[PDB]
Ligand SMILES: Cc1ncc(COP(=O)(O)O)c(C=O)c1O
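The chain below stands alone and is given in structure tokens; this is the form deposited without the ligand.
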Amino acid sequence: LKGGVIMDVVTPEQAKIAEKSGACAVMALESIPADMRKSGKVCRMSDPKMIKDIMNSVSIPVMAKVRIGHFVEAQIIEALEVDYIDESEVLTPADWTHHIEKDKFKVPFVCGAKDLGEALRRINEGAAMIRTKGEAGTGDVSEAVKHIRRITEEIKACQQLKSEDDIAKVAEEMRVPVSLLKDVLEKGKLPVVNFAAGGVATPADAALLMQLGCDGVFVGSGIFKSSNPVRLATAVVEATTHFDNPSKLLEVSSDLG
């Protein structure tokens, strides 16, 4: 999925628009967890029937969300044969102490992170992909920028440590194996891809996060609330592909409505 865009969709017809626009994958969900999160409601796993109806409408991979720590929601979604599971902070947490033991599943997981310690704990638990936490539903890109900047800074700062005993102290505070931290410092990057997510609203935002070093982008239900969803979706895809070309970015950004 490297270099691609993943789009949130709430109906089979929305999924078809995403596919036609050039999305790499879709995220199936029954409710927008930003509308009812401001209603006070509890947000859970979506009904397996609505997820299956979306799986049957497109040929590209389909992802679905589960609550933090809800390993039974994950068992059910795995049995449904989805392509990826997102253990998501946007839904209402089920366990405020323990995340899912992701290394007991065959299906790959994506998790959010806002700093280096969080990213490594999620990977140690078994995550196959990392993304920014951002701030979902607001359309403010600054959160996602903060998280990618912070991870990059913390890797460079640990690389300046000359004492192996000092490195071991850092790993202990992070609650991860010293061998995982040492691997990051040798490569100068996380062992898995890191995608942008939360508050990506415009084609310019998508290109900004790619220039900052992200491997792809997630976009939310904001796409389908615009005056012309097809045009906006297509523009975000083009901007992610051609992220280093100012003339193309100008072209796709003009007269968006």
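For every residue, the number given is its place in the sequence shown, counted from 1.
Below, we refer to the form deposited with the ligand bound, which is not included among the displayed structures.
Per the 4.5 Å heavy atom criterion, the ligand in the deposited complex is contacted by stretch 116-124, the sole one of 78-86, 116-124, 162-170, 183-191. With a 4.5 Å cutoff on heavy atoms, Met50 does not count as touching the ligand in the deposited complex; it lies far away. Remark: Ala201 does not count among the residues lining the ligand in the deposited complex, judged by a heavy atom distance of 4.5 Å or less. The ligand in the deposited complex comes within 4.5 Å of a heavy atom belonging to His99.
In the deposited complex, no heavy atom of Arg150 sits within 4.5 Å of the ligand.
The contact with the ligand in the deposited complex, taken as any heavy atom within 4.5 Å, belongs to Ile68 out of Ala34, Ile60, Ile68, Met45. Among the residues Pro177, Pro108, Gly139, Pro93, the one placing a heavy atom within 4.5 Å of the ligand in the deposited complex is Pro93. Scanning 133-152 for heavy atoms within 4.5 Å of the ligand in the deposited complex gives just one residue, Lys133.
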